[PDB]
């Protein structure tokens, strides 16, 4: 209601969120653009507790796809974004690794969103698909990294039991487990979305859809990325089980030689 002295802060930039903005043509029209944060939340029908869904924090970010009347709010891995029928906001981060990945997203998103060859797909779904593709590329890279090292160590151990190899395996398994957990959350989120016709219908921002309308094209789109995500869940789960099995087998062998 009224103005009062503010709580002390290290930098007044903390009153703003910053982002990259894409126009209705799909072109980037600003980078590092600042918006007053509480006002921005209110304007986009978000509550103060939703600040983390658009701010520069990168810890404890739960995956989300909020299908609001006039926008889709997305948090997936390094990406926080707000998609409208004729604009996209991609939010800044303090995480260097995330910032590097976001730079590639910007390029690919601008390409796909602004394309004059793709006039069959709604703007908001071009943005959605660009984001899904960028998310899956990040998962692909991590999955290949951690699974390949674990498979190598497992093969090494099957050839000859070795305590140093075993320690290495279980250390590397931590990474695989973290990968499984974050991917599982995304898989379950996409599953929920596919099962909710109200959310699906809401995802059409350019044309108005009823829950009873045909969403085949949007469903095919989401299914594509659901399947890729789900396969990473299945593969990482199976590999983790293989590691647990191997730990148990090695344990028995170690006991038998005591």
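Positions refer to the first chain, counted from 1.
- Once the C-alpha B-factors are averaged per stretch, 6 to 14 and 246 to 254 rank with 6 to 14 first.
- 75 to 83 and 99 to 107 differ in mean CA B-factor, and the higher of the two is recorded for 99 to 107.
- Taking only the listed residues 181, 141, 134, 159, the entry reports the highest CA temperature factor at 159.
- Sorting 167, 125, 187, 174 by the CA temperature factor given in the entry leaves 174 at the top.
- When all modelled residues of the chain are sorted by CA temperature factor, residue 37 is found within the lowest third.
- Annotation for residue 51: C-alpha temperature factor in the lowest third relative to the rest of the modelled chain, per the entry.
- Residue-level temperature factors show residue 45 in the middle third of its chain, judged at the C-alpha atom.
- For residue 219, the recorded CA temperature factor ranks within the middle third of the chain's modelled residues.
- For residue 153, the recorded CA B-factor ranks within the middle third of the chain. Only modelled residues enter the ranking.
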